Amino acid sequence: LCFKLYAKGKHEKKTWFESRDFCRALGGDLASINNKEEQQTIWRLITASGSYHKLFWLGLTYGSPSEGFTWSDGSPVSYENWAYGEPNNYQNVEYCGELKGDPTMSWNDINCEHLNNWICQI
């Protein structure tokens, strides 16, 4: 799959659901990061665009209480890169996952209604 970054204007950021709908409208989905190679590919896209110090939606969304986090594309949640202390369901309202687009490429759970940049796979 081909990853593409979407880091548009300050008033063009989207909720997790809006971002998923955007990627699905293209025939793809929000990006799943399934191994270190895919993580590197996305980091290099960040460096190439100069889109530094931004937060991006990934396809991380909570499933049932039993399952915990899932990928919207159905990929197994095997590789994980949560920041230390995450996921933490801070204030009990965090059911989607974002990428911190810095060299750590770490993940954080955050409120799904937050307006973020996003990454599609197509």
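Residues carry their position along the shown sequence, with the first being 1. Whichever C-alpha set is largest while still superposing within 1.5 Å between the two forms counts as the rigid core.
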Farther-lying stretch by C-alpha RMS in 8 other deposited structures of this protein (rigid core fit) among 86-94, 32-40: 86-94
Rigid core superposition result in 8 other deposited structures of this protein, more deviant of 9-17, 109-117 by Cα: 9-17
Ranked by mean Cα B-factor in the entry, 49-57 and 78-86, top stretch is 49-57
Comparing 105-113 with 6-14, where is the mean C-alpha B-factor higher? 6-14
Residue set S64, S72, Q39, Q91, per-entry CA B-factor max assigned to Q91
Going by the recorded CA B-factors, say which third of the chain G68 sits in, lowest, middle or highest. middle
Among the modelled residues of its chain, the C-alpha B-factor of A31 falls in the third labelled lowest
